[PDB]
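S.K.: this one is an experimental structure. Sequence first:
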Amino acid sequence: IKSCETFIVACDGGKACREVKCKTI
């Protein structure tokens with residue numbers, strides 16, 4: 001099984017973004 005999660009980053013230099021990512025367990 002693989003794990004995945006999203007984080008909050010400045011996609012517009014100062015906005016709310018939901019960039020999802022996956023990694024091995």
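M.R.: Received it, and whenever you're ready, just let me know what you need. Numbering: from 1, shown residues only.
S.K.: which residues of the chain fall in strands?
M.R.: Ranges of strands within the chain are 2-7, 19-24, based on DSSP state E.
S.K.: distance to residue 13 and mean neighbour count for those - can I get that in TSV?
M.R.: Backbone N, C-alpha and C define where each C-beta goes, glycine included. Output for the strands of the chain, formatted as TSV (distance: least, C-beta to C-beta, whole Å; neighbours: other C-beta atoms under 10 Å):
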stretch	distance to residue 13	mean neighbour count
strand 2-7	16	9
strand 19-24	14	8
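S.K.: I figured residue 22 hits residue 2, correct?
M.R.: Yes. With contact defined as C-beta atoms under 8 Å, residue 22 and residue 2 form a contacting pair (5.6 Å).
S.K.: beta partners of residue 3?
M.R.: Note on residue 3: beta-bridge partners residue 23, judged by DSSP bridges.
S.K.: do the same with the one 4 residues further on
M.R.: Beta bridges link residue 7 to residue 19, judged by DSSP bridges.
S.K.: so how far is residue 20 from it?
M.R.: With distances taken as C-beta to C-beta, to the nearest Å, residue 7 is found 8 Å from residue 20.
S.K.: list the residues that contact residue 10.
M.R.: Neighbour list for residue 10: residue 17 [criterion: C-beta atoms under 8 Å, 6 or more residues apart in numbering].
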